[PDB]
Amino acid sequence: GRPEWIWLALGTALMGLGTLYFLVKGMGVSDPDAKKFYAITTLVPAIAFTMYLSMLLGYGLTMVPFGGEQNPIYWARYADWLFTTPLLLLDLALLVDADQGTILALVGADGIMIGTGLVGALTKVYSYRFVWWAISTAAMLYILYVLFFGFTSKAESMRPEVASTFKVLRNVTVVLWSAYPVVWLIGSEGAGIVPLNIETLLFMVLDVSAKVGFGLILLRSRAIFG
């Protein structure tokens with residue numbers, strides 16, 4: 001019925017395929033630190049797979065009325081990102097051995113980031129749709145600031161393998177996460193200049209890269225081993 005069913009279907013496969021690949025790659029691995037990373041990394045694409053699968057079958061999609069139009073809103077993405085993104089943050093947290101104080105702030109910021117994002121995607125007053133977007137973006141920027149400025153300094157005190165792998169995951173996270181608030185802004189959630197079918201394609205390339213590709217880079221590395 002909806003033309004974006006194919007992109008919902010391509011993500012499902014890759015996220016499902018990456019789920020087992022990480023799950024398979026995680027078998028027999030004895031290192032305790034690695035077991036932590038494999039479990040976290042493997043659960044993320046599994047969480048996304050489940051929501052990509054439900055959307056493909058016509059679940060988690062509502063029609064929010066704003067801007068004079070009935071705008072189709074995929075609210076299932078927020079149940080996905082609510083758990084996948086904090087695990088991506090915890091992955092970096094364990095990677096750089098950050099103290100609990102930083103983590104609570106990162107996890108708190110992510111909840112507000114994804115929390116407000118869903119309200120804006122469902123608010124019926126148009127203007128406030130963008131108000132909530134700003135708060136979320138403000139939250140995201142705080143996260144990227146901690147990762148870019150805080151975490152990096154810690155990664156250098158570590159051994160070289162940890163620093164080299166974190167920089168790649170930092171640049172991948174910074175690049176991909178920064179793209180999420182813009183697509184939301186111009187897409188069906190806000191402006192309505194990019195049709196919903198295209199919005200879906202851009203979120204998939206990011207999610208896959210921000211999970212499968214992100215996970216792939218992490219679990220192919222020797223830094224997860226203590």
Side-chain angles (χ1 to χ4, degrees), residues 1-26 38-56 58-67 69-88 91 110-111 113-123 129 133 136 172-173 175-177 179-188 190-192 194-219:
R2 296 215 61 80
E4 67 279 12
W5 70 261
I6 184 78
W7 315 119
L8 295 171
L10 181 62
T12 302
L14 297 178
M15 239 65 79
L17 174 57
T19 300
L20 301 185
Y21 174 63
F22 299 161
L23 191 58
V24 165
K25 198 178 187 302
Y38 272 102
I40 299 172
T41 309
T42 308
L43 181 58
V44 168
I47 296 170
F49 167 88
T50 56
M51 303 311 307
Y52 261 102
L53 178 56
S54 302
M55 288 186 291
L56 178 60
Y59 279 118
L61 171 63
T62 186
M63 294 284 172
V64 183
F66 65 85
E69 299 170 5
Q70 300 284 357
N71 299 269
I73 302 302
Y74 275 106
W75 60 262
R77 297 187 169 279
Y78 303 82
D80 173 3
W81 297 343
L82 190 73
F83 299 104
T84 49
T85 58
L87 293 165
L88 297 171
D91 271 336
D110 197 310
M113 185 185 76
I114 303 298
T116 55
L118 173 58
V119 180
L122 298 172
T123 304
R129 298 188 59 83
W133 173 89
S136 178
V172 171
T173 302
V175 168
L176 297 176
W177 288 32
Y180 281 85
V182 184
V183 181
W184 195 99
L185 190 71
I186 64 178
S188 63
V194 171
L196 181 61
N197 62 326
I198 307 292
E199 182 188 354
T200 301
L201 171 56
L202 295 184
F203 271 140
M204 189 220 66
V205 179
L206 298 172
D207 289 334
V208 173
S209 302
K211 294 168 154 89
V212 187
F214 182 96
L216 189 63
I217 294 176
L218 170 59
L219 296 174

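Values below: all heavy atoms of this structure, side chains included; hydrogens, waters and symmetry mates excluded. Numbering of residues begins at 1 and proceeds along the displayed sequence.
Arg129 contributes no side-chain N or O that, together with a main-chain N or O of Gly190, makes up a donor-acceptor pair within less than 3.5 Å. Side-chain atoms of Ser54 do not come within 3.5 Å of backbone N or O of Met51 as any donor-acceptor pair. Judged by distance alone, the side chain of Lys25 and the main-chain N or O of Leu219 form a donor-acceptor pair under 3.5 Å.
Between the side chains of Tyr74 and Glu4, at least one donor N or O sits under 3.5 Å from an acceptor N or O.
Between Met55 and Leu61, the closest side-chain pair of non-hydrogen atoms is not below 4.5 Å. Side-chain atoms of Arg77 and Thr200, non-hydrogen and from C-beta on, do get closer than 4.5 Å to each other.
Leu8 contributes atom CG, which lies 11.0 Å from atom CG of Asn197 (distance to the nearest 0.5 angstrom). One distance of note links CG of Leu14 with CG of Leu10; it measures 5.0 Å at 0.5 Å rounding. We find the CD1-CG distance between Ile40 and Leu43 to be 9.0 Å, quoted to the nearest 0.5 Å.
Scanning both residues, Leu201 and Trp7, for their nearest heavy atoms gives CD1-CE3, 3.7 Å. Across every non-hydrogen atom of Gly11 and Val208, the tightest pair is CA-CG2, 4.4 Å. For the pair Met15 and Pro45, the tightest heavy-atom approach, listed with the atom from each and the gap, is CG-O, 3.3 Å. When all heavy atoms are compared, the tightest approach of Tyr59 to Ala76 is O-CB, 4.5 Å. Contact between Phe22 and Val212 at its shortest, heavy atoms only, is CZ-O, 3.5 Å. Shown here for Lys211 and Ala48, the closest heavy-atom pair between the two residues is CE-CB, 3.4 Å.
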Apply side chain to side chain contact (heavy atoms under 4.5 Å, CB included) to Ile114 and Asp110, showing your working.
CA-CA 6 Å; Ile114 303 298; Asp110 197 310; 3.3 Å; yes
Evaluate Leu122 against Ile73 for side chain to side chain contact (heavy atoms under 4.5 Å, CB included), listing each step before the verdict.
CA-CA 7 Å; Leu122 298 172; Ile73 302 302; 4.2 Å; yes
Under the side chain to side chain contact (heavy atoms under 4.5 Å, CB included) criterion, do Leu23 and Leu20 qualify, and how do the steps go?
CA-CA 5 Å; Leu23 191 58; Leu20 301 185; 4.0 Å; yes
Step by step, work out the side chain to side chain contact (heavy atoms under 4.5 Å, CB included) result for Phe214 and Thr173.
CA-CA 8 Å; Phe214 182 96; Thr173 302; 3.1 Å; yes
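Each of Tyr180, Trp75, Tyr52 was scored for a ring-ring contact (aromatic ring centres under 6.0 Å, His included) with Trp81, with one residue passing: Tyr180.
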